[PDB]
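Geometric and topological summary
The lines below spell out each chain.
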Amino acid sequence: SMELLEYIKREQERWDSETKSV
Amino acid sequence: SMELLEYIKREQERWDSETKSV
Amino acid sequence: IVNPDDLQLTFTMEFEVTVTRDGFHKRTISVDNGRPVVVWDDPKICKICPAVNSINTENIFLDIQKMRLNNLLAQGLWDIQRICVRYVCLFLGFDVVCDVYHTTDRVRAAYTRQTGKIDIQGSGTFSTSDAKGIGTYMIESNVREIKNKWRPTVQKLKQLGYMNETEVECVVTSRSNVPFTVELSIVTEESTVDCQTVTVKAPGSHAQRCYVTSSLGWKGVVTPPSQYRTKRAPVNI
Amino acid sequence: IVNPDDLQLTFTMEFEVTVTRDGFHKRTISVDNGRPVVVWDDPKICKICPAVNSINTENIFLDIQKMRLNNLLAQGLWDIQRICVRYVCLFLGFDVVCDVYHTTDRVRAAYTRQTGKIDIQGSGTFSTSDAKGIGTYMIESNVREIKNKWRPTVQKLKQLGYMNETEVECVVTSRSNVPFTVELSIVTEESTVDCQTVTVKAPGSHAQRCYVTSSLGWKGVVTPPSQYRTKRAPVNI
Ligand SMILES: *[C@@H]1O[C@H](CO)[C@@H](O)[C@H](O)[C@H]1NC(C)=O
Ligand SMILES: *[C@@H]1O[C@H](CO)[C@@H](O)[C@H](O)[C@H]1NC(C)=O
């Protein structure tokens, strides 16, 4: 499902941003 | 799948902990 | 930097999923305790709603719920034929409080996050851990997004369920998810993601008056009744 | 508070997924560039490995990859019949750097995180965005966990691929994922999540010597050859 893969795409961005914003 | 539901269970715990540890 | 106009808006989003052991399933997105604007049975999305593409985070949340319900039915509750769940998510700033409601054929369970209070009613079997739901971290993680992507939809829906935006003929039609009611001095009720229609017909009986009330707080009457099917907005009372 | 013994350990975990348009699929977990210890075709888990229950986070990561590959084949690459991906995750403290390797029938792609360098070789079609993988945030999020749950497994596997823990008979058998090689002065190679076996047979030819080399850095010989199938550990050289 390209829908779940979009959610995972966005989640890696939230992880990469949350770590960079510490 | 009880496997994905375990991953989501654990992810809510990581979210609830990460917010509480700010 | 965040948005002030979207931070000010306070609304409730209601995510509800139904699943039957037979195969049936239904997952919907509602706004300001109204009727559903997004329906899965590609979803049926309303015209004033955001694109399917811009609702993906809410889309997966609902699919996780279908799976979690299909799983409860797969592992337990064998006499129970239809499980159902509703998440009532209230947004007040950048914080979400999601109350979870569950319903099987034999038990009803409610839980609320601060009070942590779990209300169980029924003869049926349920787990107090299951009662509290899952995957709320998805809505709690995407506050800024969900809010900004739904801010136009949530207030244009309110500005449509207004007195000067309802059409009485007694057939009352308001193109808004905000729920209304029709009173005569047979009732055919229905719905659509775009329009809500309630019809009240009399078999030769003289009524001379037709009342209409909204959930945002207003009342109106359309008098006198005409021989033809002419369109008119409700008249204040 | 974290663990010092688990923070000190430096190892590489290698997650690899294979998918064929015909239906075939294979997803495995490897350690210290060795052979696979966890295999899906319920997984086949090694005796010195953690329980299936305590490998769930790595389990979903692999399933996401199967889906992502099945999807690449479903949307594009129609001449290509077999896509494959390998994530080489190096753990140095509480930080992970996962290098991603992809292989279709017509192209090979490699990417490495700091250098950001994307190496593409082949006539085939691939996207440089696809080349960088996905779902690494799962291993990067669960450092402390994955490390603590695998720390015993990763070093007991090394302490098994030792000279005094290999069995030569010329059939060489070492119950460890660490890869070895056998040299004679026909070769039947194989595997199992628990044991690795390489056999070298001569059709009446006199060899009088049999060499054995390990990937952790050691060499050995078993002399003289006996008429019976007697078990012995490699003798240093
Ligand atoms: C309804 O009334 C509002 C004022 O309350 C006005 O701004 C709006 O344009 C009106 N809409 C229609 C369709 O009459
Ligand atoms: C192998 O040698 C090590 C020392 O390097 C020793 O601690 C271990 O017990 C030995 N194992 C066997 C099975 O001989």
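For this deposition, the record names X-ray crystallography as the technique by which the model was determined and cites 3.20 Å as its resolution.

1. Side note on the interface of chain A and chain D
Chain A puts 9 residues into the contact, and the matching count from chain D is 11 residues. At the boundary of chain A with chain D, total buried surface from both sides reaches about 970 Å², with 69% on carbon and sulfur atoms. One can count 5 residue pairs in polar contact joining chain A with chain D. Here the residues of the side of chain A that touches chain D sort into 5 nonpolar, 2 polar and 2 charged.

2. Details of empty space enclosed by the protein
Size it by volume and the largest cavity reaches roughly 180 Å³. Taken together, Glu11(A), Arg14(A), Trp15(A), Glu18(A), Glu11(B), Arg14(B), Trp15(B), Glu18(B), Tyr137(C), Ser141(C), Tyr137(D) and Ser141(D) make up the lining of the largest cavity. Elements with a minimum of two residues in the lining of the largest cavity: α1 (2–20) of chain A, α1 (2–20) of chain B, α4 (137–141) of chain C together with α4 (137–141) of chain D. Taken together, the residues that form the lining of the largest cavity break down as 4 nonpolar, 2 polar and 6 charged. In this model, the second largest cavity occupies a volume close to 150 Å³. Surrounding the second largest cavity, 15 residues form its lining, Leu4(A), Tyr7(A), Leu4(B), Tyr7(B) and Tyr137(D) being those nearest its centre. For the lining of the second largest cavity, the secondary-structure elements that each account for two or more residues are α1 of chain A, α1 of chain B, α2 (56–75) of chain C together with α2 (56–75) and α4 of chain D. When the residues that make up the lining of the second largest cavity are grouped by side-chain class, the tally is 13 nonpolar, no polar and 2 charged.

3. Observations regarding the side chain of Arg14(B)
Take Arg14(B): it is sitting in helix α1. For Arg14(B), a relative accessible area of 17% corresponds to the buried category. Once residues lying within four places of it in the same chain are set aside, the contact partners of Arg14(B) are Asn142(D) and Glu145(D).

4. Some words on the sheet that holds strand β11 (residues 180–184) of chain D
Residues and elements named next belong to chain D. Spatial strand order, β11-β14-β15-β16: 4 strands in an open sheet with antiparallel pairing. Whereas interior strands pair on both sides, the edge strands pair on one side only; in this sheet they are β11 and β16 (235–236). Relative to strand β14 (residues 210–214), β11 runs antiparallel, the two being bridged by 5 bridges. Looking at β14, one finds that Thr 181 is bridged to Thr 213.

5. Examining the pattern of salt bridges
All names here are of chain C. In total, this model carries 20 salt bridges over all chains according to the counting rule given. Among the salt bridges present, the one from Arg 151 reaches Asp 6, with a minimum N-O distance of 3.3 Å. Judged by its relative accessible area of 23%, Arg 151 falls in the partly exposed class. Two residues, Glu 189 and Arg 35, come together in a salt bridge whose shortest N-O distance is 3.3 Å. Because the salt bridges share partners, they merge into one network encompassing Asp 5, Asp 6 and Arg 151.

6. Describing the sheet that holds strand β9 (residues 166–168) of chain D
All names here are of chain D. Overall, antiparallel pairing links the 4 strands, which are arranged β9-β10-β13-β12 in an open sheet. The open sheet terminates on both sides in strands that have one partner only, identified here as β9 and β12 (187–189). Put simply, the sheet's adjacent strands are angled 10° from each other on average, direction ignored. Pairing analysis gives 3 bridges linking β12 to strand β13 (residues 196–200), with the strands arranged antiparallel. Across the sheet, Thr 188 pairs through a bridge with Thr 199, a residue of β13.

7. Here's the deal with the domain arrangement of chain C
Residue and element names in this part refer to chain C. As assigned here, chain C comprises domain 1 (1–159) and domain 2 (160–236). Once you take the C-alpha centre of each, domain 1 and domain 2 turn out to be 30 Å apart. Joining domain 1 to domain 2, the criterion identifies 1 salt bridge. The tally of links from domain 1 across to domain 2 stands at 9 residue pairs in polar contact. When contributions to the side of domain 1 that touches domain 2 are tallied by element, the ones reaching two or more residues are β3 (36–40) and β4 (44–45). Take the side of domain 1 that touches domain 2: its biggest share by element is 4 residues, from β3. Its residues assigned to classes, the side of domain 1 that touches domain 2 shows 8 nonpolar, 3 polar and 5 charged.

8. Structural notes on unusual backbone geometry
Residue and element names in this part refer to chain C. The residue after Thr 223, namely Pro 224, is reached through a cis peptide bond having omega 0°. Within the secondary structure, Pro 224 is located in the loop between β15 (218–221) and β16 (235–236). Of note in the backbone geometry, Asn 33 takes a positive phi value of approximately 50° without being a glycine. Along the polypeptide, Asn 33 turns up in the loop between β2 (25–31) and β3. Phi is positive for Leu 77, close to 45°, though the residue is something other than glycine. The residue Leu 77 is located in the loop between α2 and β5 (82–92) in this model.

Quick notes on the rules
Residues numbered from 1 in each chain as written, not as in the entry; some residues may be left out. Chains lettered and ligands numbered in written order. Heavy atoms only, no water. Residues with missing side-chain atoms left out of burial classes, pairs and counts. Contact = heavy atoms within 4.5 Å. Buried area = accessible area lost by both parts, 1.4 Å probe. Polar contact = N/O pair within 3.5 Å; in protein donor to acceptor, adjacent residues only side chain to side chain. Nonpolar A, V, L, I, M, F, W, Y, C, P; charged D, E, K, R; others polar. 1 Å grid on protein atoms, 1.4 Å probe; cavity = no way out; pocket = protein on both sides within 12 Å on 5 of 7 lines; lining within 4 Å. Points joined across faces, edges and corners; volume = space filled by probe spheres on them. Helix = DSSP H or I, 4+ residues; strand = E, 2+ residues; numbered from the N terminus. Buried < 20%, exposed > 50% of the residue type's maximum accessible area, 1.4 Å probe, protein only. Pairing = 2+ DSSP bridges. Salt bridge = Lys/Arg side-chain N within 4 Å of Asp/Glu carboxyl O. Axes fitted to C-alpha atoms, helices over the stretch in contact; angles between N-to-C directions. Domains from an automatic or database assignment.

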